[PDB]
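Report on one structure; see the data block that follows.
Because the Cβ atoms are built from the backbone with ideal geometry, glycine has one as well, and the counts that use them run over all protein chains shown. Nothing in this text is a laboratory measurement; each read-out follows from the coordinates by a stated rule.
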Amino acid sequence: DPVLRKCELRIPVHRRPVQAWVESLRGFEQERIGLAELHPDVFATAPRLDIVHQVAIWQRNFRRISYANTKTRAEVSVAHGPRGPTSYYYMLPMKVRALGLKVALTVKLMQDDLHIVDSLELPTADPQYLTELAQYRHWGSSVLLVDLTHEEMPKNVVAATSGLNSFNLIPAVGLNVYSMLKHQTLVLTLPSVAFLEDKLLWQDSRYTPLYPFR
Amino acid sequence: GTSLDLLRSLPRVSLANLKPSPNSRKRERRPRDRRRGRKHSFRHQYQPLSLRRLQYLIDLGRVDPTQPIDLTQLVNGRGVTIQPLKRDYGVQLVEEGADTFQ
Amino acid sequence: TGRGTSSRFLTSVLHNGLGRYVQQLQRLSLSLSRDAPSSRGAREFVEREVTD
Amino acid sequence: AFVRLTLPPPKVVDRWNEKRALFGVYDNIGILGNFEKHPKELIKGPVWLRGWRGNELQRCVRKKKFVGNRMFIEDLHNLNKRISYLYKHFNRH
Amino acid sequence: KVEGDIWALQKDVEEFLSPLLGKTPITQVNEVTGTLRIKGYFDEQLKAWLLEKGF
Amino acid sequence: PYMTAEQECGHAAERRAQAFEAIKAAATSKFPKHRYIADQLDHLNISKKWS
RNA sequence: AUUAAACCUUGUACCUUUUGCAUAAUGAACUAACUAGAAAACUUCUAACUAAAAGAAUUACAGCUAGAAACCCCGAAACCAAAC
């Protein structure tokens, strides 16, 4: 019985839906179990890698803090030396960051690096099974696992991913461009895709805020 | 989307491959070598609403015609912007749209 | 530079072209890397022009 | 000058350690968290520059305000003198 | 917000504006951004022309 | 002098006018250059490698 | 250049400074290290979204947001406070 998914939001009439094979991690041979529809405005955006490049630079640089300091000639009991703690923090607009995330999603799907799954549940907690399954499906050396929420993530998956350096387990809210690029292939649960689509599709009619949305 | 198809043909992207957009970043000069070596308040600040601006809101259904017009509702619909720091004191109307708002 | 550099006279290896011309080059060695942008052109050369 | 006569020992670095592997995670907290927490709120460091940036004079002036009462008397006097030089350089040259 | 074959749009846009403008329009195509830049103001004619196409 | 003043007048007027017209077209041809997706997409080939 | 190190032929040390000139004038025993360009108000360029744009405090009859883009070093005679 195929698992058939349709986009909750209205897909444009002039744009055909994006589709991919639904997968399950329950068994080694459960590569394809259903067919899902993905919003073109989210999964068929133009591949603007400079935005992704900018986001990656922002990710590396907004956390950058340098603590180098030196004593100048006046402070001797260096003409141009490091002067105390210095930070490089800056903020990208939420529209750009959401767009950058949108662009990244398309690239992985088009490059066959994105694997949409119904759930992360695994028959066993052994880390060996996850690595073997990735080899079974010819996944990349690094596989990223995303779940809807951190609290409810299955215990069996936690043990497998926790012990694996190249396989990292993140919640839906923890998705970021750097992790996707660092990981060769991306594994997403079906609920997470809807969760991501809602926030990404929320950008529609982006009222300029005079106060926090909350 | 033929661009998407080209991505599949193209090799898998990596962090190092990322490159800034052309002309996005200018060059800089540093002193490493000789190149940089050597050398009214009382008057109300009325914020008006144009009749043409009024017309589209009704026509677009931004403001319900049945409900009486409320300035707060316009702010709710982001029709007009009022800044307390600007100390806006009044609201007016603009002659524009006198011939287009029936 | 001429004073500080060596020089020679015009000469032939063993009168190579008197009877029949013999190619002096005898051996070519090529080192390549499977995953290297530097060797990509050489790698492409191997596919197409090395055989010719 | 003269150079080392011995080779340094080889060093191997793991690029997939948790810090590098999980670098950047939760950077989309605001967009994926309903904007309840701004990414600026995730900054940990000196108090006067958490979520804030400025020129050297602004950073020094903000540093004085944040920890002026908790700074040493000798440091405060030195900071006051240092601020004078920074103020004149930027605001008069 | 141009989607599809930008070149096809440019050819039609060039053809449509050539009579009205009196010569081939001066235009710059930013394919990466999917936008078309045209010297001069011709929004009214283009907007009406777009309506004729059914957009 | 072979040609009288009358002969000289107007013999090359047509060519001179045409030359300026070509000059005018070249002078007024300032405009930015187009940007293509292929350039950005082709950059990913820099990461191409052998299996 | 040469068969050949020297012979034959050609050629008024270097930096700075004078003026686009020094047979002026300054400075150098040599080796190693050390030794001097730093800011964004506005504009162009690079993009996001658009009669709207910015993650509160901002501008707007195509604007608005983000990014990039900038301006040295050493050296007086002096002056004052508090100790000795």
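Beyond 23 Å in Cα-Cα separation lie the following of the pairs B:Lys26/F:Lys24; B:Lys26/E:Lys1; A:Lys6/A:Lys108; A:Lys71/B:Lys39: B:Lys26/F:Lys24; B:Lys26/E:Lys1; A:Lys71/B:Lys39.
Pairs of Cα atoms nearer than 8 Å and 6+ residues apart set the relative contact order; for chain E it is 26 percent. Along the axis of the charge dipole computed for chain E (Cβ charges of +1 for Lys and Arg, -1 for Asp and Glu, origin at the Cα centre), the listed residues E:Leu9, E:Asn30, E:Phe55 are led at the positive end by E:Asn30.
Once you sort the root eigenvalues of the Cα gyration tensor of region A:2-57 as a ≥ b ≥ c, which label holds: rounded (a/c under 1.5), prolate (a/b larger than b/c) or oblate (the other case)?
oblate
Among residues other than D:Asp75 with Cβ under 12 Å from its Cβ, the summed charge is +4 (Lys and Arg +1, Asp and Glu -1). Annotation for region A:165-214 versus region F:7-23: alpha-carbon center distance of 69 Å. Amide hydrogen proximity for E:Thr35: with H placed 1.01 Å from N in the peptide plane, the residues at 5 or more positions away or on another chain lying under 5 Å are E:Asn30.
Scoring A:30-42, E:24-36, D:7-19, E:3-15 by mean Cβ neighbours within 10 Å over their residues and listing the highest first yields A:30-42, E:24-36, E:3-15, D:7-19.
Summed over qualifying helices (DSSP H, 4 residues or more, each -39500 (n - 2.57)) and divided by its residue number, the protein assembly as shown shows a 222 nm mean residue ellipticity of -10000 deg cm²/dmol.
In this structure the amide hydrogen of A:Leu144, modeled in the peptide plane, comes within under 5 Å of the amide hydrogens of A:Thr185, A:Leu186, A:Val187, none closer than 5 places in sequence on its chain.
Look at where the Cα atoms of chain C and of region A:26-52 average out, and the two centres are 51 Å apart. The calculated FRET efficiency for the pair C:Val50 and F:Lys48, based on their C-beta separation and a Förster distance of 25 Å, comes to about 0.85. As I understand it, the dipole of chain D uses +1 on the Cβ of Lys and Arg and -1 on the Cβ of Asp and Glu, about the Cα centre. Which of D:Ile83, D:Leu42, D:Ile29 lies farthest toward its positive end? The listed residue farthest towards the positive side: D:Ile83. When chain A is described by a simple charge dipole with +1 on each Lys and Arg Cβ and -1 on each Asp and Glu Cβ, the residue from A:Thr106, A:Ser24, A:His53 located farthest towards its positive end is A:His53. Remark on A:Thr86: its backbone amide H falls under 5 Å from those of A:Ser66, A:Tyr67, A:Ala68, a criterion applied only to residues 5 or more positions apart or on other chains, H modelled at 1.01 Å from N. Applied to region A:184-193, the Karplus parametrisation 6.51 cos²θ - 1.76 cosθ + 1.60 on θ = phi - 60° returns per-residue 3J(HN,Hα) values of 4, 10, 10, 10, 10, 6, 4, x, 4, 4 Hz, with x for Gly and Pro.
Derived scalar couplings between HN and Hα for region C:36-52 equal 7, x, 4, 8, 4, x, 5, 4, 5, 4, 4, 5, 10, 9, 5, 4, 4 Hz in order, rounded to whole Hz, by the Karplus curve 6.51 cos²θ - 1.76 cosθ + 1.60 (θ = phi - 60°), x for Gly and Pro.
Computed from point charges on the beta carbon alone (+1 for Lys and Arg, -1 for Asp and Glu), the dipole magnitude for region A:1-145 about its Cα centre is near 1120 Debye.
Highest average first, the peptides D:46-54, A:16-24 ordered by how many other beta carbon atoms sit within 10 Å of their residues are A:16-24, D:46-54. Classify chain E as rounded, prolate or oblate from the Cα gyration tensor: take a ≥ b ≥ c as the square roots of its eigenvalues, call it rounded if a/c is under 1.5, otherwise prolate when a/b beats b/c and oblate if not. Judged from the Cα gyration tensor, chain E comes out oblate (a/c at least 1.5, b/c at or above a/b). If only the Cβ of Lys and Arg carry +1 and only the Cβ of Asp and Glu carry -1, the dipole of chain C around its Cα centre is close to 320 debye.
Axis angle, to the nearest 10 degrees, between helix F:13-27 and the longest C-alpha principal axis of chain F: 20 degrees. Once the Cβ-Cβ distance of A:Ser141 and E:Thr24 is raised to the sixth power relative to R0 = 51 Å, the FRET efficiency obtained is 0.45. Net charge dipole, region B:35-102: roughly 1280 debye, given to the nearest 20, about the Cα centre with Cβ charges of +1 for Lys and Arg and -1 for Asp and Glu. Couplings for region C:14-27, taken from phi via the Karplus curve 6.51 cos²θ - 1.76 cosθ + 1.60 with θ = phi - 60°, read 9, 6, 4, x, 4, x, 7, 6, 10, 6, 6, 4, 10, 8 Hz in order; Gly and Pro are left as x. Spacing of the modelled spin labels on C:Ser31 and A:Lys155, each 7 Å from Cα toward Cβ, amounts to 5.6 nm.
Rounded to 0.05, the FRET efficiency of the B:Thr81 and A:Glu31 pair, given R0 = 56 Å and the Cβ-Cβ distance, is 0.55.
Each of A:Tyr67 and B:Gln67 was given a label point 7 Å from its Cα along the Cα-to-Cβ line. The distance between the two points is 5.5 nm.
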